[PDB]
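> Mind looking over this structure? Questions follow.
Heads up, the Cβs are rebuilt from the backbone with ideal geometry, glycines too, and the neighbour counts pull from every protein chain shown. Every number in this text was worked out from the coordinates using simple rules, so none of it is lab data.
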Amino acid sequence: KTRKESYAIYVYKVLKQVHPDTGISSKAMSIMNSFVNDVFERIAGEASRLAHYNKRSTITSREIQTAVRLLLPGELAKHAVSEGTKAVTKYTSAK
Amino acid sequence: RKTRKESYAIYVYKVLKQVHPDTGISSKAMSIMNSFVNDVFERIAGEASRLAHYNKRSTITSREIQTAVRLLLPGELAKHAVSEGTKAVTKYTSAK
Amino acid sequence: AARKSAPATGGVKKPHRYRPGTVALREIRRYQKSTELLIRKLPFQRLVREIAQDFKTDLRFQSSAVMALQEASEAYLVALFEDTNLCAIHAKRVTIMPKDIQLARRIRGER
Amino acid sequence: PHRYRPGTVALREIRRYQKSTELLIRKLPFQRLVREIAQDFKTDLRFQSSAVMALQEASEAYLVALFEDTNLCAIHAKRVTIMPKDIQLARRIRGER
Amino acid sequence: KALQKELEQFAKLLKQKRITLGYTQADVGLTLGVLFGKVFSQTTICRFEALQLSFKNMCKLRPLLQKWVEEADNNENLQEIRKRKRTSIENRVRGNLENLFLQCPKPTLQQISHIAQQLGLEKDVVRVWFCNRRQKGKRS
Amino acid sequence: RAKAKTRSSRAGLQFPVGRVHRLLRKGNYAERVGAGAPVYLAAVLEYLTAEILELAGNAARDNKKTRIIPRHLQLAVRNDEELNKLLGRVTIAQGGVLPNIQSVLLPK
Amino acid sequence: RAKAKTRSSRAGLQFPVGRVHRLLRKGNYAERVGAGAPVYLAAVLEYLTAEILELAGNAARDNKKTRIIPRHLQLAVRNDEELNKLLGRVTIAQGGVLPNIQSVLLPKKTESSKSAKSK
Amino acid sequence: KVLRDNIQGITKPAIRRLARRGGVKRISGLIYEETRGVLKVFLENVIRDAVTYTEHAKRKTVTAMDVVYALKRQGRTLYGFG
Amino acid sequence: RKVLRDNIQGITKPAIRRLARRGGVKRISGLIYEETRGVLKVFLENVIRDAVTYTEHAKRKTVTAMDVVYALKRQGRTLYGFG
DNA sequence: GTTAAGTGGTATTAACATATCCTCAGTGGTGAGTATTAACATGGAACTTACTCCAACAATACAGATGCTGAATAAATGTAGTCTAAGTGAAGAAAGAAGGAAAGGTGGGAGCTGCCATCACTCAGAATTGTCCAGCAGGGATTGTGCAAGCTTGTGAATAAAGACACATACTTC
DNA sequence: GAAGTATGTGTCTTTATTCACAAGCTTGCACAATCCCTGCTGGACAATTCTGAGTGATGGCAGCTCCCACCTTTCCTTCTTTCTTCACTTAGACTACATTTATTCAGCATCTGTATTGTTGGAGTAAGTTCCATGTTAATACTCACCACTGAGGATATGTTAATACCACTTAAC
């Protein structure tokens with residue numbers, strides 16, 4: 001069979017972090033896979049048109065940050081912005 | 001000189017002079033009609049862009065545009081819009 | 001005024017009967033705890049195929065395609081009955097009437 | 001003197017305001033309200049004239065459309081008076097509450 | 001003689017008609033007042049139906065009740081649509097008046113007016129109360 | 001060299017096929033754009049434009065006006081069942097509302 | 001050639017930065033994609049996943065279950081004011097509804113007064 | 001008479017169960033015919049779009065993704081089917 | 001440097017009454033005006049917050065008509081006539 | 001001198017304050033009865049874990065497109081003041097709408113019974129979809145050319161604004 | 001119910017206002033011609049998955065009977081909202097100037113795409129296992145009709161005493 005990629009192992013990695021002694025059903029993981037795919041298109045779609053509005057050819061972490069501020073509701077937006085900048089800070093400092 | 005800004009104003013006016021030869025249009029209504037064309041452009045082109053992605057296609061063709069028209073325009077609008085779109089492609093193909 | 005009657009009654013043996021609303025409230029709790037589909041699958045599957053005949057003939061349906069339609073259909077109807085219930089309570093009733101569905105659908109933007 | 005009945009003038013106002021297209025809120029009081037709200041988001045903010053005008057056209061279109069939904073909730077409850085409970089129901093069914 | 005038993009039979013039937021007609025004894029007194037002018041208190045009707053009043057009083061109230069029972073049966077709605085005022089004496093006034101006794105059993109009207117103004121009672125009320133004080137003190 | 005003929009003239013259109021082609025190409029919609037896609041899209045855009053302008057010019061004539069204003073566009077869109085559905089979540093500036101009064105509010 | 005290190009490990013992320021970069025490049029979003037855009041997007045996607053799974057894992061413990069099912073995802077999302085706004089137009093299959101009966105439908109508690117009586 | 005129109009397969013007990021999950025305590029007898037009409041309109045819109053995706057793909061079978069895509073196109077995103 | 005406060009009260013009761021008239025309302029409760037002012041404030045806060053977000057992303061300090069138009073479109077409230 | 005009225009003196013009488021009692025309403029307490037919840041044992045299917053392998057990711061260099069910083073500056077918004085009339089705010093009188101109470105009736109609920117249509121399962125076939133491979137044509141890239149479209153000016157037709165006249169409707173009177 | 005009266009809206013005319021339409025200029029982008037190549041198409045073929053049929057078991061549905069709580073109508077009270085008036089307070093307009101900002105170049109920094117290579121993370125498939133659904137049982141909690149208890153207000157019975165009423169004595173008038 002041809003390979004079909006999904007976020008199943010990454011959602012399971014995150015689940016084993018927050019809740020070590022907890023599993024997830026295959027139907028729930030199908031829902032969690034759809035959630036990550038859906039939010040990905042929402043942020044990437046908003047970031048794509050942010051570049052179009054500003055006549056930019058590149059999608060950067062600033063477009064992603066602005067799309068997160070536009071889409072996520074408040075406390076989610078400021079926590080996700082904190083997480084996103086923390087990872088970009090760690091990524092740049094590393095190499 | 002100010003930078004050039006493209007709009008459908010001259011094309012909306014040409015379409016107006018066929019349906020209503022003696023009727024004019026104000027610049028505020030022309031601005032609303034320009035926003036209508038741009039809004040419908042992003043809807044059809046955006047829907048057609050998703051159709052190519054769903055079917056693992058790298059090309060937007062008149063078949064993707066036709067399906068987008070049927071998905072967005074309601075009822076009798078879609079039937080006439082498909083008729084006009086098909087008639088233009090047929091006429092365009094026969095020319096060159 | 002003189003509005004009087006005879007309050008005669010009696011009872012020897014009577015099978016237990018619940019008042020009009022005890023079972024209805026019990027059903028609300030039962031079906032809000034559960035997550036299963038409330039429409040029968042075969043009758044719904046026939047309806048989906050009947051509707052699709054208007055659009056294309058000799059159409060085939062995946063099993064999950066009909067299941068996806070059923071999950072969306074009951075979610076739409078359950079959420080509509082939540083808006084319909086609010087309109088009935090707004091009009092100082094507990095019975096949902098067809099005008100409550102029409103008001104709920106009109107405000108949503110479906111009418 | 002001459003007095004109209006309580007509801008004759010109201011119906012007259014309905015006809016004239018549904019026949020016109022002008023903005024029904026005063027421009028300066030609305031512009032000041034716009035600048036006050038924006039202060040919570042960014043200090044020393046400027047606005048174009050059309051940026052405030054676009055906000056007013058959208059704000060009044062939103063409020064007029066909400067009163068149509070609010071009116072239907074009043075008539076549903078066998079009333080002609082729109083009450084705060086009707087605005088709350090209309091906004092809840094719309095999905096804003 | 002047999003007037004006793006005839007009154008008793010009339011009173012029993014009177015109780016039956018009153019209970020059948022849905023009238024309270026206070027309502028009976030009100031009806032007697034609005035149909036004759038001599039309104040009677042419900043205590044008198046109680047003592048009648050229980051046959052407590054004296055014989056002369058028994059005969060005296062026989063005719064009024066006869067007329068009421070013979071008349072009220074026709075229509076009640078229109079009927080539905082002069083007490084011997086008897087002011088009470090409160091205990092401190094009673095004690096003060098008793099103090100006024102044991103020294104002057106029969107005061108003059110000149111003193112009676114002063115007594116009335118002192119305790120805020122009507123002159124006729126104080127005079128009749130004085131007379132009945134003398135009366136009950138002369139009983140023994 | 002041959003004299004240029006615009007792709008609008010080949011398709012018998014008023015809307016620009018060449019400009020619509022460029023907007024499709026530069027709008028980040030697909031890797032490639034077919035030859036008939038701009039022709040089909042410009043024909044649909046031209047039809048939808050003529051649909052509104054026909055209904056708006058009629059509403060302008062019904063008001064004894066020979067010039068379309070935003071009110072006439074609002075009247076045209078809201079009085080057409082299908083155009084009102086296409087533009088259901090769209091606000092037209094300076095258009096007002098339809099003159100609709102509920103029947104229970106009218107005098108006896 | 002140096003030892004390979006995933007861009008997820010550089011940022012300290014469980015989610016794939018390299019795969020998110022590929023989905024951005026072939027998703028027809030922009031002509032170019034920066035190096036920080038997949039890192040930022042993967043970190044945001046991972047945070048949202050942890051937020052839902054934290055609440056859904058709490059839900060599983062209330063029902064004494066050691067495995068998240070779609071019911072717990074629905075309970076987690078609908079009981080969070082902010083996840084419910086993000087997923088307000090989203091239907092979770094086999095999720096059900098929040099248990100909620102309007103207070104006017106509940107039975108009248110025992111009580112009785114007396115109006116004017118003429119009997 | 002036995003049920004004839006397919007829409008009639010959405011039985012009154014089935015509609016009552018959907019109202020119970022919606023928190024409805026008392027149901028008028030005219031609700032069921034109204035509810036069947038409401039569902040038929042919803043299904044027509046979704047199925048018309050799901051088939052439109054199918055004929056574009058040059059397929060004869062309606063897949064779960066066509067239903068999911070049709071639902072998303074109407075602002076009714078459904079999770080758990082792909 | 002200027003500061004503003006108490007401007008929702010500048011949305012006067014007569015102005016709210018006119019909006020209800022265009023909405024077809026014949027009779028208005030006395031508590032509608034306070035409810036309407038809160039409704040408008042919530043709506044305006046959401047649109048302006050998105051409009052300023054578009055403005056600060058563009059590295060600008062003036063809010064343009066497009067920022068409002070983009071913000072309104074993001075809420076499903078497309079506005080024709082301003083660009 | 002006789003007769004009618006006033007004055008007391010004592011007997012009857014009838015109403016007050018409070019003591020009892022009738023009757024009706026509110027609790028509720030209560031067993032039966034039904035349904036939901038919790039404990040506990042068990043099998044299976046659905047999960048987690050451990051192996052191939054292979055396609056996608058990372059490391060490495062480099063070219064070139066993209067974005068940055070500073071300068072100057074024109075464009076644009078803000079700020080303040082002046083004036084006039086359009087709109088707002090407060091008040092007062094009253095119409096009629098909202099809401100409670102009451103009654104009636106009917107429609108929906110709860111429960112019962114019989115049966116048939118749903119469900120779970122199996123199978124057989126055929127219709128459909130997926131994969132692989134060749135290939136070629138449609139689309140991108142490039143360059144040169146010219147002409148369509150945008151911007152800048154300019155003016156006659158459309159629209160707004162009075163202003164008077166003609167209704168059309170509303171509301172009180174007869 | 002009409003007549004009459006006052007108010008408002010609409011209609012036709014005249015006149016000034018304004019704003020849309022066309023002419024004139026330049027610039028950038030659309031077309032024509034060319035080459036290159038890869039995405040899309042058509043064919044063949046395996047395989048897979050959906051439709052149609054049959055079957056047995058039983059539970060969910062349909063139709064039914066009560067009957068009662070809910071909806072609807074009617075009537076009445078009240079108090080909230082409307083309509084009108086009048087003083088006055090900002091909004092609108094408009095100048096004028098100050099201040100900020102958005103745009104434009106220019107040079108250079110740097111970041112991303114592209115190509116190539118090597119490996120390793122992730123998907124698929126298989127074994128390993130344990131959580132959960134299902135059952136049975138028991139315990140607990142809820143509902144509902146019956147039995148009863150008792151308190152409240154009105155309505156009767158008492159104790160008791162203001163109030164009148166009947167009678168003997170004296171006193172005033174003709």
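> Out of (1) touching a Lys or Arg at 6+ places or on another chain (Cβ under 7 Å); (2) surrounded by 22 or more Cβ atoms within 10 Å (Cβ to Cβ), the odd one out for G:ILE52 is which?
Going through (1) touching a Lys or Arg at 6+ places or on another chain (Cβ under 7 Å); (2) surrounded by 22 or more Cβ atoms within 10 Å (Cβ to Cβ) one by one, G:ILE52 breaks only (1).
> Test G:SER112 against the stated conditions and say whether it is small (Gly, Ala, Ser) and either within 14 Å of chain H (Cβ to nearest Cβ) or part of a loop (DSSP other than H, G, I, E, B) (or both). Spell out how you get there, then give the answer.
On the way: small (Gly, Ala, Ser): yes; either within 14 Å of chain H (Cβ to nearest Cβ) or part of a loop (DSSP other than H, G, I, E, B) (or both): yes.
Yes; evaluated as a whole, the condition is true for this residue.
> Being of a type in the set (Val, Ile, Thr) and within 11 Å of DNA strand J (Cβ to nearest atom) is the filter; apply it to segment D:21-50 and report the residue that is nearest to I:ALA15 (Cα to Cα). Give the steps one after another, and end with the answer.
Here is the first cut: in segment D:21-50, the ones of a type in the set (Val, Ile, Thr) are D:21, D:25, D:34, D:37, D:43.
From what's left, within 11 Å of DNA strand J (Cβ to nearest atom): D:21, D:25, D:34.
Working: D:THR21: 14, D:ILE25: 5, D:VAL34: 16 Å.
Top of the filtered list is D:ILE25.
> Which of (1) in a helix (DSSP H, G or I); (2) within 13 Å of DNA strand K (Cβ to nearest atom); (3) closer than 17 Å to F:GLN74 by Cβ is the odd one out, the single condition D:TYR62 does not satisfy?
(2)
> Going by the conditions given, is A:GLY74 more than 7 Å from chain G (Cβ to nearest Cβ) and surrounded by fewer than 16 Cβ atoms within 10 Å (Cβ to Cβ)? Break it down into steps so the answer makes sense when it comes.
Values: more than 7 Å from chain G (Cβ to nearest Cβ): no; surrounded by fewer than 16 Cβ atoms within 10 Å (Cβ to Cβ): yes.
For A:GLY74, the condition - more than 7 Å from chain G (Cβ to nearest Cβ) and surrounded by fewer than 16 Cβ atoms within 10 Å (Cβ to Cβ) - is not met.
> Please state which of the following conditions I:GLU56 fails to meet, knowing it meets all the rest: (1) within 13 Å of DNA strand J (Cβ to nearest atom); (2) farther than 29 Å from H:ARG73 by Cα.
(1)
> Counting only residues that are of a type in the set (D, E, K, R) and within 7 Å of another protein chain (Cβ to nearest Cβ), how many does segment B:29-56 have?
So the first thing to find is which residues in segment B:29-56 are of a type in the set (D, E, K, R), and the list is B:39, B:42-43, B:47, B:50, B:56.
Narrowing the set further to residues that are within 7 Å of another protein chain (Cβ to nearest Cβ) leaves B:39.
Of the residues in segment B:29-56, 1 are of a type in the set (D, E, K, R) and within 7 Å of another protein chain (Cβ to nearest Cβ).
> Filter segment I:35-51 down to residues that are at the interface with chain D (Cβ under 8 Å from one of its Cβ atoms), charged (D, E, K, R) and either within 16 Å of DNA strand K (Cβ to nearest atom) or touching a strand residue (DSSP E or B) at 6+ places or on another chain (Cβ under 8 Å) (or both), then give me how many there are.
Within segment I:35-51, residues that are at the interface with chain D (Cβ under 8 Å from one of its Cβ atoms), charged (D, E, K, R) and either within 16 Å of DNA strand K (Cβ to nearest atom) or touching a strand residue (DSSP E or B) at 6+ places or on another chain (Cβ under 8 Å) (or both) number 1.
> Right, next: Just for helices (runs of 4 or more DSSP H) wholly inside segment E:1-65: which have at least 1 residues that are closer than 17 Å to E:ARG84 by Cα and within 11 Å of DNA strand J (Cβ to nearest atom)? Spell out how you get there, then give the answer.
On the way: elements: E:3-21, E:25-36, E:42-49.
Of the helices (runs of 4 or more DSSP H) lying wholly inside segment E:1-65, those with at least 1 residues that are closer than 17 Å to E:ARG84 by Cα and within 11 Å of DNA strand J (Cβ to nearest atom) span E:25-36, E:42-49.
> Here's something else I'd like to know. Please determine whether any residue of segment F:17-29 is closer than 25 Å to B:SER62 by Cα, surrounded by fewer than 14 Cβ atoms within 10 Å (Cβ to Cβ) and of a type outside the set (D, E, K, R).
yes
> Is it fair to say B:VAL15 is of a type in the set (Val, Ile, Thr) and either under 30 Å from H:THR63 (Cβ atoms) or more than 9 Å from chain F (Cβ to nearest Cβ) (or both)?
On the way: of a type in the set (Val, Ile, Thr): yes; either under 30 Å from H:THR63 (Cβ atoms) or more than 9 Å from chain F (Cβ to nearest Cβ) (or both): no.
Judged against the criteria, B:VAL15 is not a match.
> Next up: How many residues does segment I:59-76 hold that are polar (S, T, N, Q), within 12 Å of DNA strand J (Cβ to nearest atom) and not in a strand (DSSP E or B)?
First, pick out the residues of segment I:59-76 that are polar (S, T, N, Q): I:62, I:64, I:75.
Okay, now just the ones that are also within 12 Å of DNA strand J (Cβ to nearest atom), so I:62, I:64.
Keeping just the survivors that are not in a strand (DSSP E or B) gives I:64.
The number of residues fulfilling the criteria is 1.
> What about I:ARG49, is it within 17 Å of D:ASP86 (Cβ to Cβ), within 15 Å of the chain's Cα centre (by Cα) and of a type outside the set (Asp, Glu)? Break it down stepwise before answering.
Working: within 17 Å of D:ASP86 (Cβ to Cβ): no; within 15 Å of the chain's Cα centre (by Cα): yes; of a type outside the set (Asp, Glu): yes.
Answer is no for this residue.
Here's the yes/no breakdown for (1) away from DNA strand J (no atom under 16 Å from the Cβ); (2) in a loop (DSSP other than H, G, I, E, B); (3) surrounded by 23 or more Cβ atoms within 10 Å (Cβ to Cβ):
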site: H:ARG17; (1), (2), (3): no, no, no
site: H:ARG20; (1), (2), (3): no, no, yes
site: H:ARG36; (1), (2), (3): no, no, no
site: H:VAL41; (1), (2), (3): yes, no, no
site: H:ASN45; (1), (2), (3): yes, no, no
site: H:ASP49; (1), (2), (3): yes, no, no
site: H:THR52; (1), (2), (3): no, no, no
site: H:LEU78; (1), (2), (3): yes, no, yes
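> Can you tell me which residue among B:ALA95, B:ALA52 is buried (at least 19 other Cβ atoms within 10 Å of the Cβ) and in contact with a helix residue (DSSP H, G or I) (Cβ under 7 Å, 6 or more places away or on another chain)?
Details: B:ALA95 fails: buried (at least 19 other Cβ atoms within 10 Å of the Cβ).
None of the others qualify; the one that does is B:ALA52.
> Within 20 Å of the chain's Cα centre (by Cα) and among the β-branched types (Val, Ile, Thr), is that true of C:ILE89?
Details: within 20 Å of the chain's Cα centre (by Cα): yes; among the β-branched types (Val, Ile, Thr): yes.
Taking the combined requirement at face value, the residue satisfies it.
> Also: Filtering segment C:14-46 down to residues that are part of a loop (DSSP other than H, G, I, E, B) and among the aliphatic types (A, V, I, L, M), which residue is surrounded by the most Cβ atoms within 10 Å (Cβ to Cβ)?
Taking segment C:14-46 first, the residues part of a loop (DSSP other than H, G, I, E, B) are C:14-21, C:34-40.
Next, only the ones that are among the aliphatic types (A, V, I, L, M) stay: C:37-39.
On the way: C:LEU37: 18, C:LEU38: 19, C:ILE39: 22.
By that ranking, first place goes to C:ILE39.
> May I pose another question? For B:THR59, which of the numbered conditions (1) more than 14 Å from DNA strand J (Cβ to nearest atom); (2) facing chain F (nearest Cβ under 7 Å); (3) closer than 30 Å to G:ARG25 by Cα fails to hold?
B:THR59 satisfies all of (1) more than 14 Å from DNA strand J (Cβ to nearest atom); (2) facing chain F (nearest Cβ under 7 Å); (3) closer than 30 Å to G:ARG25 by Cα except (1).
> Could you say whether any residue in segment F:64-74 is among the charged types (D, E, K, R), over 19 Å from B:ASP39 (Cα atoms), within 16 Å of DNA strand K (Cβ to nearest atom) and within 14 Å of chain I (Cβ to nearest Cβ)? Outline the logic, then answer.
At the first step, the residues of segment F:64-74 found to be among the charged types (D, E, K, R) are F:64-65, F:67, F:71.
Subset that is over 19 Å from B:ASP39 (Cα atoms): F:64-65, F:67, F:71.
Remaining after also requiring within 16 Å of DNA strand K (Cβ to nearest atom): F:64-65, F:67, F:71.
The next check asks that each one be within 14 Å of chain I (Cβ to nearest Cβ); those that pass are F:71.
Yes, there is a match, as at least one residue in segment F:64-74 is among the charged types (D, E, K, R), over 19 Å from B:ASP39 (Cα atoms), within 16 Å of DNA strand K (Cβ to nearest atom) and within 14 Å of chain I (Cβ to nearest Cβ).
> Being surrounded by 21 or more Cβ atoms within 10 Å (Cβ to Cβ) and either more than 12 Å from DNA strand K (Cβ to nearest atom) or of a type in the set (S, T, N, Q) (or both): is that true of A:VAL81 here?
On the way: surrounded by 21 or more Cβ atoms within 10 Å (Cβ to Cβ): no; either more than 12 Å from DNA strand K (Cβ to nearest atom) or of a type in the set (S, T, N, Q) (or both): yes.
It is false that A:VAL81 is surrounded by 21 or more Cβ atoms within 10 Å (Cβ to Cβ) and either more than 12 Å from DNA strand K (Cβ to nearest atom) or of a type in the set (S, T, N, Q) (or both).
> How many residues does segment A:56-70 contain that are among the charged types (D, E, K, R) and surrounded by 24 or more Cβ atoms within 10 Å (Cβ to Cβ)?
Initial filter on segment A:56-70 (among the charged types (D, E, K, R)): A:56, A:62-63, A:69.
Going one step further and asking which of them are surrounded by 24 or more Cβ atoms within 10 Å (Cβ to Cβ), we end up with A:63.
Residues in segment A:56-70 being among the charged types (D, E, K, R) and surrounded by 24 or more Cβ atoms within 10 Å (Cβ to Cβ): 1 in total.
> Could you run through segment G:24-41 and say how many residues are more than 7 Å from chain A (Cβ to nearest Cβ) and among the aliphatic types (A, V, I, L, M)? Give the steps one after another, and end with the answer.
Our first condition is that a residue be more than 7 Å from chain A (Cβ to nearest Cβ); within segment G:24-41, this holds for G:25-26, G:28, G:35, G:38.
Among the residues that remain, those that are also among the aliphatic types (A, V, I, L, M) are: G:35.
Number satisfying all stated conditions: 1.
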